[PDB]
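J.: Dropping a structure here in structure tokens format, bear with me for questions.
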Amino acid sequence: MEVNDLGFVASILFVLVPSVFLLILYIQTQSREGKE
Amino acid sequence: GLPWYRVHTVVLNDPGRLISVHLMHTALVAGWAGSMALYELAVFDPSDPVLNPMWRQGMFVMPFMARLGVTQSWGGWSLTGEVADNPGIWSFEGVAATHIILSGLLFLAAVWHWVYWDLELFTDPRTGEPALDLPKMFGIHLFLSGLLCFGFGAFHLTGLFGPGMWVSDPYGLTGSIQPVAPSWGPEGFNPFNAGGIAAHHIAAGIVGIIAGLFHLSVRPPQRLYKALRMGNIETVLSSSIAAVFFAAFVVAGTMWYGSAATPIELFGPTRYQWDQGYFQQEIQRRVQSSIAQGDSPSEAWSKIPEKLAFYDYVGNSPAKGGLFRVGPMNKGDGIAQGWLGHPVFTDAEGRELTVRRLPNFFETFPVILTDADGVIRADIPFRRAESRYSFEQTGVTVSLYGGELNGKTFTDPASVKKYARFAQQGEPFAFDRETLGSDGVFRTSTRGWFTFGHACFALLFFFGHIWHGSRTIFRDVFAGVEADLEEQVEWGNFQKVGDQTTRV
Amino acid sequence: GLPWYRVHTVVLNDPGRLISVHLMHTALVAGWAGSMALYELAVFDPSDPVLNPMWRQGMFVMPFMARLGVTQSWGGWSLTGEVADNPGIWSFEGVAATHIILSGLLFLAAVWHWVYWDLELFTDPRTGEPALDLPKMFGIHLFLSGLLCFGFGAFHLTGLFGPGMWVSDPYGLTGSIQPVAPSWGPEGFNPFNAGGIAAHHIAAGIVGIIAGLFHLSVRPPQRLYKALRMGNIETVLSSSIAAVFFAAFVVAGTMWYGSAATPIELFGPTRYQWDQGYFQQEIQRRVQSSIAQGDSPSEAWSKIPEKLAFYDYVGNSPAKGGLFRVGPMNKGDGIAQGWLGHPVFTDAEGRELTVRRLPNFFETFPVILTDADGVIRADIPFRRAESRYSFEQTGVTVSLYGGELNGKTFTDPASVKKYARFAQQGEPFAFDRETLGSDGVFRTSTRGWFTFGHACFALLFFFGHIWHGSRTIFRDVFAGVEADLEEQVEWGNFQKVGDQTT
Amino acid sequence: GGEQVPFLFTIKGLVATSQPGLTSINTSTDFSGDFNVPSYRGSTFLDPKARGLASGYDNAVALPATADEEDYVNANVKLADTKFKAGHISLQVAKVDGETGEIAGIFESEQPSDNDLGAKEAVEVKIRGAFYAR
Amino acid sequence: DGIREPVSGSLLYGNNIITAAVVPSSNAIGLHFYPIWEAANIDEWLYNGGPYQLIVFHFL
Amino acid sequence: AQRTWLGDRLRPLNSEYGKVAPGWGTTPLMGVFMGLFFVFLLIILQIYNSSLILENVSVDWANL
Amino acid sequence: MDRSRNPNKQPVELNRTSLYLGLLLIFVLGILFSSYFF
Amino acid sequence: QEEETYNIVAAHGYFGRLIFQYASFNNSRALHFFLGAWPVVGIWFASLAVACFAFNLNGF
Ligand code: CLA
Ligand code: CLA
Ligand code: CLA
Ligand code: CLA
Ligand code: CLA
Ligand code: CLA
Ligand SMILES: CC(C)=CCC/C(C)=C/CC/C(C)=C\CC/C(C)=C/CC/C(C)=C/CC/C(C)=C\CC/C(C)=C\CC/C(C)=C/CC/C(C)=C/CC1=CC(=O)C(C)=C(C)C1=O
Ligand SMILES: CC1=C(/C=C/C(C)=C/C=C/C(C)=C/C=C/C=C(C)/C=C/C=C(C)/C=C/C2=C(C)CCCC2(C)C)C(C)(C)CCC1
Ligand SMILES: CC1=C(/C=C/C(C)=C/C=C/C(C)=C/C=C/C=C(C)/C=C/C=C(C)/C=C/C2=C(C)CCCC2(C)C)C(C)(C)CCC1
Ligand SMILES: CC1=C(\C=C/C(C)=C/C=C/C(C)=C/C=C/C=C(C)/C=C/C=C(C)/C=C/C2=C(C)CCCC2(C)C)C(C)(C)CCC1
């Protein structure tokens, strides 16, 4: 079965690197909420 | 704090690090242009500039440095073909090499203003808050850009201290670098004349000079300073991206239709070469110049270069190619090997007949064969129950004139079906769909991908212009409205709407 | 707070979510075993179990569910070649499927104990701090494992309420599923007899029963409870990891050398089939049994199956293959097409001579051709200035007996060089290195990758056993030592070290 | 210009030089032209990096043991060619009696135990001869 | 299509999530109630329009 | 406040911050110059649409 | 020439429920665009 | 800080009880010299090995 040879690189960085951007920004808020 | 979409508003107050937050952005774009063009030099194939030229290899950035006078690339290969080479510092790498170190020297200066702010320059003397004058600074930004266009007009494009831009002939054959003369008349206003682009930045630069020489000396009026809110830093941010997406519409336009600043040898044909058949008006002209001149078809169709035959192909027209058929044009066809001539179709009677078909916004044109006035004489029968115009009953022959496979006729109607579809795509071409893994369906050139990526982005910069244009006029109301205001909104506020200084 | 390597120490105090923090780990391993074996069923090629069998396709988990009695694959292609009918519920698509839904039902129970803790079970009545009894609970963990081994011994491997394990013949040909009888004598202690593995978990299960029936009733002594620090959770964990490492050494061993619990048809040959030439002791035996019947060797070497020829290949021995030559064994050779017989080398005189070469820890053995006692008669000359034993001066012929290309001799010495290197790898085999993109250099089987991944991990679990064994004995001193202690360490001071009474 | 490195060979192996019509002796005008025979690059021992030569040296493969005898670049045969070459004369002194003048050699390129086909190279320089006689 | 031609719409059979489908029931059953038990086998079910009606009458 | 050698040459450049001409300023001098620009852009748009076609222009190829 | 401390840099406040919207939005764009990258 | 993070008197007689009591290192400034001696005087024998290998004075 034919494939574009590079979409699995492309659609694993398309899903991760904005979501771990988003997953970075939720933890910081939790620390701030704690007041630590 | 603040939400994630208003992160950069920390820099909106103090302009100490606002220089620094452009300067890593400026290091990121300069550290793209070297970082992409060095990759773009890693896949070139300079062995055949006539058969697979440099826009065939899907190459976005090496027309744009190439179309100002650079050629040599420390490999013995030059696009021009001009010899006696010895590049030195300005080759392809050397521009692309320089943008790495410049972006490194941009990034080291980008980290300097982040740690050092309040350098006695960003505040007024009236109080110590950080605030910078914008209209006095516009007179000193534009006077530098007025000097630099006047440098770019006369001192680079006209041979005084620099090589000229790219200029070709029409039907682009002998396109090389020579300094163009700035033509001042009305003839420089059509964009196919390159003499206007030299006369551009002299004349626009001299009024760019006389703008900024004027703009330093005067002050804006207070009926504009409170109106356009010129003390605010975001009022430069709206109405400069208005002047960017206005500026991005024209190179969405003038790349797509074509100009002298977008020639054929480094961008491809420009999609309107099939809607009139522009290149097919020439190779048909030269054989009828050679035809009646004193030369037969077969022997003629040979002083045509293969470069003219390569521009009369559907597979170099930039219409075809899709959004997600990704890669160079050589992933669509492979490497162009040879012309193998021009097909001429004859019946059992003569009655010469031709194929001039496949316009651009189709994908699968059904093959028709017609005569001079337009009555169909042959086609490919989709249902062979009631055929009356098929190939086999008519007995069409192929005369393949000129090229690689000159003089080889085909009378078997199983093989005429292959060259009929090849005649749909202008002139056929030999390929090799195994060296690069080319599949067989079309791609688009760098002229196609530019205008997609400069008109979709110019749509997006229109929305930021509405958004930043709202927030400048509506700065005070932006965190919500004052509470009631029921007397301003109810009807009977003498007479003009929204007036407190009235009967109300 | 705490550093990143001591994150899980929040669960060390309260055992309310300690059930929950295994239970998503248990859902992750059960939600691997279904999630891998469903991928492992997506690439099988069941069209030829004799030529490319299931360990040739680089398949880690489908021996392990397969070697207990499950062959119904849902497509009607039985693993053993005798898939009688619709298998019923227990095919690979099924068992794989269950482990998905079980891990889903494990994960939904894993989220339950995280939100609900202090369920009146984790504290003592003496005060309200969360603390659980470990040795009374060891008597009720092991009594369940003692019941479950005794179930696994008699009620699964012996045909009473279940199908038996995999058992083959030696020189594995007719390996299928039949219930094995538990042999109780000394003959069940050699691991090649499968009658011990049925007699295993009956006898180990009954003493697993009589352990946990004893272990509920008694209490540990206080000369051990303060010694082994048995009130602490960490000590138990250290003991468990240490025990596990011991258990991972044996299946690093008994997979690699081979046993009846690791047969050939679902793991491959076991690397000691070249150091004695184990399979080459059989196909050589059967043709000399065939000429003892009195048959000519052209139409002998044909009642040999191709399965015996496939086990006499270097490219199925699990020594070759590297650490980063990644993929199945079919990326090394391609698909096995046909045997093309066995080469027999003759000179111009006869003088029969053979190639039996390429041991396992080489990569490029130089081709030698020798006679019965060991004097070399032919080789491949690396320097043809002073050759005296080359192929061309000697004029070696090839008799290719049996197989696909039977009876086809080769007298041109350009083509003898190809079959001489093919004779180095036991018997040759036809391939197709274009359908899967196979490059041409060797890979290893699932028997090779298991023992790499179960002895390297067992090294790593030894270090955790030293590390957790330190922290149980040395809990009090673990955040640093009391300040001076200079009288405990200076000598001569009475009397024996660590005593405060001189 | 094109980023190959072809190994040129200036060989003089058995020139047998013809010459135009009847000369008394060379007059700083006459044309010497023929060919030699050229040798190879691999002089029967130049291994590649996987020890791949004909003349001894590990026939056709080392490491891919199952894709072994399929590759195509292991026929390593030598040749005894003939081509075109010209050599002129221009200076031709009298007492020390050394004659010099231009040359034009047209050779074959490398065949690195027969991978590629040859290229063609017009090598042109001064001859620097010296003549004496009985 | 109701003749023979088994049209694939499942992700294991080479098709994208844009191109995948439940790919509805056959023309030969018509408006018949075709459950999982009036099939003679589940291979007869899934070749002839089985799991479409399970995600229609349960869904509606 | 960090006085540098850069800052002693650009503080008279950014000295005035809100200093603004009263009266009317140069808005009629701005409007008479830039209404010509909109009709300049009206020339350029249909030179290129070929809708004010002069002689010897021929907005097309056969150019230089 | 000499450093100081910023009177600036407000932090960010991405909520718990706003993580769910952003995590879902990337995953529907994941299941939309991954066919087109193939 | 001026106070030590660790006591050398407890570290002395641990190692004094592991090996010979006489063969420990009582003072830390004599200890750290031997820490800075043993690879440093070692490796310029190996550096002088290759430097005496350089003149083809080889191993036996
Ligand atoms: C010249 C370009 C330009 C500049 C300098 C700004 C500057 C600004 N914008 Mg703005 N904007 C622009 C163009 C621009 N805009 C355009 C073209 C649009 C239309 C799409 C918008 C729409 C917009 C909105 C709707 C909002 C802003 C806001 C803001 C402010 C804060 C930005 C922030 O924290 O986002 C930080 C951004 C992120 C943390 C990540 C966003 C995710 C994006 C999609 C990733 C970008 C992809 C890639 C990295 C970029 C490559 C594309 C590039 C080549 C064009 C800041 C003053 C905000 C505001 O009002 O504050 C005053 C706000 O709400 N902008
Ligand atoms: C506008 C600038 C520009 C232009 C026209 C192109 C054009 C091209 N590049 Mg290029 N490139 C660019 C920027 C650009 N690039 C940048 C910035 C990089 C660095 C990351 C690269 C890196 C790069 C490489 C490494 C290569 C190319 C190649 C190519 C050529 C092949 C065609 C292709 O890949 O299209 C493909 C285009 C698409 C698939 C379209 C993408 C559409 C996006 C994903 C839509 C995003 C939607 C968004 C997620 C939704 C928003 C969410 C909403 C909620 C708001 C083509 C000429 C290739 C080539 O020929 O080089 C030899 C190649 O190998 N490019
Ligand atoms: C839907 C379109 C739209 C909207 C709502 C806005 C909204 C706004 N713009 Mg704006 N703008 C737009 C399009 C738009 N723009 C376009 C297309 C451009 C050209 C790139 C600009 C260029 C621009 C600048 C340069 C500035 C604004 C500014 C502003 C703000 C103040 C209002 C103002 O002066 O308007 C401007 C009025 C117009 C754009 C209307 C133009 C109508 C013309 C004069 C009629 C010409 C008709 C003519 C006979 C036909 C010729 C064409 C023919 C060949 C077809 C406001 C936020 C100002 C700002 O940022 O606020 C501080 C500002 O300085 N705009
Ligand atoms: C039965 C297995 C087991 C269990 C349950 C524990 C449990 C524990 N160990 Mg431990 N350990 C083990 C085996 C085990 N260990 C082994 C085998 C070793 C040797 C390598 C160690 C070495 C070790 C050290 C050196 C330390 C612990 C510590 C701890 C405690 C906290 C762990 C933590 O926060 O890390 C959280 C881990 C991370 C946030 C990420 C670590 C990065 C790893 C490499 C990623 C793992 C890769 C992958 C996901 C796992 C697949 C492999 C798996 C199939 C085996 C906890 C009580 C710490 C302690 O003393 O606290 C009391 C401590 O300092 N362990
Ligand atoms: C111990 C368990 C085990 C066993 C023996 C194997 C073995 C195998 N798998 Mg498998 N697999 C496993 C676990 C395992 N897998 C897990 C947990 C997953 C899920 C992620 C997979 C997913 C998987 C897929 C998807 C596929 C395989 C395939 C294969 C076969 C091909 C060979 C291969 O890939 O080796 C390659 C092995 C290596 C390259 C070695 C990796 C070494 C690591 C990176 C070293 C790590 C060092 C570390 C970073 C340093 C620590 C830092 C320090 C500071 C402490 C082979 C039989 C393939 C196959 O044949 O299936 C059809 C295949 O397609 N596996
Ligand atoms: C370098 C090896 C090493 C070290 C330092 C430790 C250290 C420790 N182990 Mg340990 N252990 C080891 C290897 C090691 N182990 C091995 C290989 C195993 C078998 C898997 C175990 C199994 C084990 C258990 C089950 C327990 C410990 C425990 C402990 C701790 C307390 C001390 C104790 O009782 O020792 C144990 C003493 C030994 C391991 C020495 C064994 C020496 C045997 C008896 C001699 C046999 C010689 C024999 C004649 C030759 C037969 C072999 C022959 C065929 C070659 C301590 C942290 C305890 C713990 O966790 O603390 C709470 C505990 O309960 N260990
Ligand atoms: C049969 C039965 C039941 C018998 C038991 C009963 C019975 C009768 C017993 C009697 C038998 C008996 C006692 C012994 C017989 C067995 C026997 C002879 C065993 C000996 C075997 C043997 C070869 C031992 C020698 C090996 C050994 C233990 C050590 C080697 C020592 C050596 C040469 C070098 C060690 C290297 C060295 C000097 C290290 C120190 C340098 C260093 C950097 C230290 C770091 C350091 C030091 C400090 O000082 C402090 C402060 C700090 C901070 C610090 O960093
Ligand atoms: C330090 C220094 C240096 C260095 C420097 C460097 C090295 C730099 C780099 C630079 C670079 C390295 C650059 C580059 C960059 C890149 C980039 C920046 C990119 C980006 C991208 C993007 C932006 C994209 C986007 C997108 C996507 C994702 C896809 C498609 C579409 C779009 C477009 C959207 C030196 C030594 C010299 C000197 C000294 C200093
Ligand atoms: C909700 C639910 C459900 C579902 C479930 C599921 C779906 C699950 C999943 C599961 C899964 C999905 C599982 C799987 C998993 C996987 C894993 C867990 C993996 C891991 C991996 C690893 C661990 C690896 C590691 C490594 C690497 C990285 C490489 C190699 C080496 C090593 C080994 C180191 C249902 C509906 C049914 C029911 C209801 C409930
Ligand atoms: C200077 C500085 C700063 C800033 C920083 C930042 C924040 C930066 C950012 C940066 C960035 C933001 C960067 C980015 C870049 C880009 C990148 C890193 C990317 C790349 C990518 C790519 C390349 C992609 C993709 C791909 C691949 C790989 C495969 C397929 C194909 C493609 C091409 C698609 C400040 C002032 C604060 C201070 C300090 C320093």
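Note on naming: chains are A, B, ... as they come in the structure tokens, residues start from 1 per chain, ligands start from 1 in the order shown.
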Using DSSP on the backbone coordinates, identify all residues within region 134-227 of chain B classified as strand (DSSP E); present the result as a list in words.
T.: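 Going through region 134-227 of chain B, the strand (DSSP E) residues come out as residues 166, 167, 176 and 177 of chain B.
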J.: Produce a file of the selected residues containing N, CA and C atoms, as a PDB file, in the first residue's frame.
T.:
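Contents of the output file again13.pdb:
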ATOM      1  N   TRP B 166      17.787  40.048 -13.732  1.00  0.00           N
ATOM      2  CA  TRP B 166      17.553  39.097 -14.807  1.00  0.00           C
ATOM      3  C   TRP B 166      16.625  39.726 -15.831  1.00  0.00           C
ATOM      4  N   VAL B 167      16.958  39.563 -17.105  1.00  0.00           N
ATOM      5  CA  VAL B 167      16.085  39.950 -18.201  1.00  0.00           C
ATOM      6  C   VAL B 167      16.281  38.932 -19.315  1.00  0.00           C
ATOM      7  N   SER B 176      19.790  36.007 -19.385  1.00  0.00           N
ATOM      8  CA  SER B 176      21.038  36.123 -18.657  1.00  0.00           C
ATOM      9  C   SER B 176      21.007  37.427 -17.881  1.00  0.00           C
ATOM     10  N   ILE B 177      22.149  37.797 -17.328  1.00  0.00           N
ATOM     11  CA  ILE B 177      22.272  38.995 -16.515  1.00  0.00           C
ATOM     12  C   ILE B 177      22.931  40.071 -17.355  1.00  0.00           C
TER      13      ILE B 177
END
J.: Show me, as a list in words, every residue of chain A with an atom at most 12 Å from chain C, counting only C-alpha atoms.
T.: residues 1, 31 and 36 of chain A
J.: Would you work out the distance separating CA of residue 474 (chain B) from atom 57 (C, counted along the ligand's line) of ligand 3, expressed in Å to one decimal?
T.: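 Separating CA of residue 474 (chain B) from atom 57 (C, counted along the ligand's line) of ligand 3 is a distance of 9.6 Å.
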J.: Could you list the protein, DNA and RNA residues that have any atom within 12 Å of ligand 6, counting only C-alpha atoms and all ligand atoms, and write them as a ChimeraX atom specification?
T.: /C:224-250,458-459,461-475
J.: May I have all residues of chain G that DSSP, computed from the backbone, assigns to alpha helix (DSSP H), given as a PyMOL selection string?
T.: chain G and resi 16-33
J.: Given the selection you just returned, output its residues as a file containing C-alpha atoms, formatted as a JSON list (two decimals), in the first residue's frame.
T.:
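result.json was written with the following content:
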[["chain", "number", "residue", "atom", "x", "y", "z"],
["G", 16, "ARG", "CA", -8.22, 23.55, 33.34],
["G", 17, "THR", "CA", -11.29, 23.54, 31.13],
["G", 18, "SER", "CA", -9.51, 25.66, 28.54],
["G", 19, "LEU", "CA", -6.86, 22.97, 28.27],
["G", 20, "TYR", "CA", -9.62, 20.58, 27.20],
["G", 21, "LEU", "CA", -10.74, 22.88, 24.39],
["G", 22, "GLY", "CA", -7.22, 23.30, 23.08],
["G", 23, "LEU", "CA", -6.39, 19.62, 23.41],
["G", 24, "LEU", "CA", -9.56, 18.64, 21.56],
["G", 25, "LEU", "CA", -9.03, 21.26, 18.82],
["G", 26, "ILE", "CA", -5.59, 19.93, 17.98],
["G", 27, "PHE", "CA", -6.91, 16.37, 17.95],
["G", 28, "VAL", "CA", -9.74, 17.11, 15.54],
["G", 29, "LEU", "CA", -7.20, 18.85, 13.34],
["G", 30, "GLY", "CA", -5.08, 15.74, 13.81],
["G", 31, "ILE", "CA", -7.82, 13.41, 12.58],
["G", 32, "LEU", "CA", -8.69, 15.84, 9.78],
["G", 33, "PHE", "CA", -5.30, 16.57, 8.26]]
J.: What's the 10 Å shell around residue 61 (chain D), counting only C-alpha atoms, without same-chain residues fewer than 4 positions away, as an MDAnalysis selection string?
T.: (chainID C and resid 364) or (chainID D and resid 50:53 65:71 74)
J.: Enumerate as a PyMOL selection string the residues within 7 Å of ligand 3, counting only C-alpha atoms and all ligand atoms.
T.: (chain B and resi 228-229+235+238-239+242-243+245-246+465-466+469-470+472-473) or (chain F and resi 42+45)
J.: Just N, CA and C atoms for this one: save the residues we selected as a PDB file, in the first residue's frame.
T.:
ATOM      1  N   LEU B 228      -6.292  59.867  14.733  1.00  0.00           N
ATOM      2  CA  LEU B 228      -5.630  58.612  14.420  1.00  0.00           C
ATOM      3  C   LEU B 228      -4.958  57.970  15.623  1.00  0.00           C
ATOM      4  N   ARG B 229      -4.990  58.633  16.792  1.00  0.00           N
ATOM      5  CA  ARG B 229      -4.413  58.171  18.067  1.00  0.00           C
ATOM      6  C   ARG B 229      -2.928  57.858  17.926  1.00  0.00           C
ATOM      7  N   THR B 235      -1.137  51.815  16.902  1.00  0.00           N
ATOM      8  CA  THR B 235      -1.574  52.529  15.704  1.00  0.00           C
ATOM      9  C   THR B 235      -0.527  52.543  14.599  1.00  0.00           C
ATOM     10  N   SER B 238      -1.714  48.447  13.301  1.00  0.00           N
ATOM     11  CA  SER B 238      -2.649  48.667  12.223  1.00  0.00           C
ATOM     12  C   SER B 238      -2.100  49.758  11.325  1.00  0.00           C
ATOM     13  N   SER B 239      -2.489  49.708  10.051  1.00  0.00           N
ATOM     14  CA  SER B 239      -2.027  50.582   8.963  1.00  0.00           C
ATOM     15  C   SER B 239      -0.518  50.541   8.750  1.00  0.00           C
ATOM     16  N   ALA B 242      -1.862  46.949   6.933  1.00  0.00           N
ATOM     17  CA  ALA B 242      -2.630  47.380   5.778  1.00  0.00           C
ATOM     18  C   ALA B 242      -1.712  47.630   4.601  1.00  0.00           C
ATOM     19  N   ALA B 243      -0.537  48.195   4.852  1.00  0.00           N
ATOM     20  CA  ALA B 243       0.446  48.381   3.800  1.00  0.00           C
ATOM     21  C   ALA B 243       1.315  47.156   3.578  1.00  0.00           C
ATOM     22  N   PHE B 245      -0.516  43.774   3.513  1.00  0.00           N
ATOM     23  CA  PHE B 245      -1.424  42.962   2.717  1.00  0.00           C
ATOM     24  C   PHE B 245      -1.910  43.682   1.470  1.00  0.00           C
ATOM     25  N   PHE B 246      -1.825  45.012   1.412  1.00  0.00           N
ATOM     26  CA  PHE B 246      -1.894  45.652   0.104  1.00  0.00           C
ATOM     27  C   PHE B 246      -0.667  45.295  -0.707  1.00  0.00           C
ATOM     28  N   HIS B 465      -5.747  43.579  10.552  1.00  0.00           N
ATOM     29  CA  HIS B 465      -5.925  45.005  10.342  1.00  0.00           C
ATOM     30  C   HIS B 465      -7.265  45.489  10.871  1.00  0.00           C
ATOM     31  N   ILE B 466      -8.296  44.652  10.807  1.00  0.00           N
ATOM     32  CA  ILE B 466      -9.556  45.014  11.436  1.00  0.00           C
ATOM     33  C   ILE B 466      -9.416  44.910  12.940  1.00  0.00           C
ATOM     34  N   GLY B 469      -7.060  47.627  14.187  1.00  0.00           N
ATOM     35  CA  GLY B 469      -7.727  48.889  13.958  1.00  0.00           C
ATOM     36  C   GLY B 469      -8.885  49.130  14.888  1.00  0.00           C
ATOM     37  N   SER B 470      -9.504  48.063  15.387  1.00  0.00           N
ATOM     38  CA  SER B 470     -10.515  48.228  16.419  1.00  0.00           C
ATOM     39  C   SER B 470      -9.877  48.675  17.721  1.00  0.00           C
ATOM     40  N   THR B 472      -7.199  50.190  18.523  1.00  0.00           N
ATOM     41  CA  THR B 472      -6.592  51.504  18.647  1.00  0.00           C
ATOM     42  C   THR B 472      -7.636  52.571  18.873  1.00  0.00           C
ATOM     43  N   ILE B 473      -8.736  52.489  18.133  1.00  0.00           N
ATOM     44  CA  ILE B 473      -9.823  53.440  18.285  1.00  0.00           C
ATOM     45  C   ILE B 473     -10.564  53.172  19.585  1.00  0.00           C
TER      46      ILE B 473
ATOM     47  N   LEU F  42      -5.332  54.447 -10.096  1.00  0.00           N
ATOM     48  CA  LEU F  42      -6.335  54.192 -11.112  1.00  0.00           C
ATOM     49  C   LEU F  42      -5.726  54.120 -12.503  1.00  0.00           C
ATOM     50  N   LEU F  45      -3.849  50.407 -12.590  1.00  0.00           N
ATOM     51  CA  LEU F  45      -4.710  49.232 -12.515  1.00  0.00           C
ATOM     52  C   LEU F  45      -5.271  48.848 -13.876  1.00  0.00           C
TER      53      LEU F  45
END
J.: Can I get the residues close to ligand 1 as a compact mmCIF listing (two decimals) with C-alpha atoms, in the first residue's frame, where close means within 8 Å and we count only C-alpha atoms and all ligand atoms?
T.:
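Output contents, as saved in pocket-v6.txt:
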# COMPACT_ATOMS: atom_id res chain seq x y z
CA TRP B 4 -2.27 32.85 26.14
CA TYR B 5 -3.34 34.98 23.18
CA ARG B 6 -2.31 38.23 24.88
CA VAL B 7 1.18 37.08 25.84
CA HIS B 8 3.16 39.67 23.89
CA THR B 9 1.37 42.62 25.56
CA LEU B 12 3.52 46.91 24.46
CA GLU B 234 -0.52 49.77 18.12
CA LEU B 237 0.60 48.10 13.95
CA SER B 240 1.32 49.01 8.40
CA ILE B 241 -0.09 45.55 7.89
CA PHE B 457 -1.64 35.07 4.09
CA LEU B 460 -5.19 36.68 7.15
CA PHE B 461 -3.43 40.01 7.42
CA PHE B 462 -6.68 41.74 6.57
CA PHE B 463 -8.26 40.31 9.74
CA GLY B 464 -5.42 41.59 11.90
CA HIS B 465 -5.93 45.01 10.34
CA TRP B 467 -8.54 43.66 14.83
CA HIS B 468 -5.72 46.09 15.52
CA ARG B 471 -8.23 48.17 19.47
J.: Give as a PyMOL selection string the residues surrounding ligand 2 up to a distance of 10 Å, considering only C-alpha atoms and all ligand atoms.
T.: (chain A and resi 7+10-11+14) or (chain B and resi 29+32-33+35-37+39-44+55-61+321-331+443-457+460) or (chain G and resi 22+25-26+29-30+33+36-37)
J.: Using CA of residue 7 (chain C) and CA of residue 454 (chain C) as the two end points, give the distance in Å to one decimal.
T.: 26.4 Å
J.: What residues have any atom no more than 12 Å from ligand 9 when counting only C-alpha atoms and all ligand atoms, and can you list them as number ranges by chain?
T.: C: 24-39, 96-111, 324, 326, 449-450, 452-454, 456-457
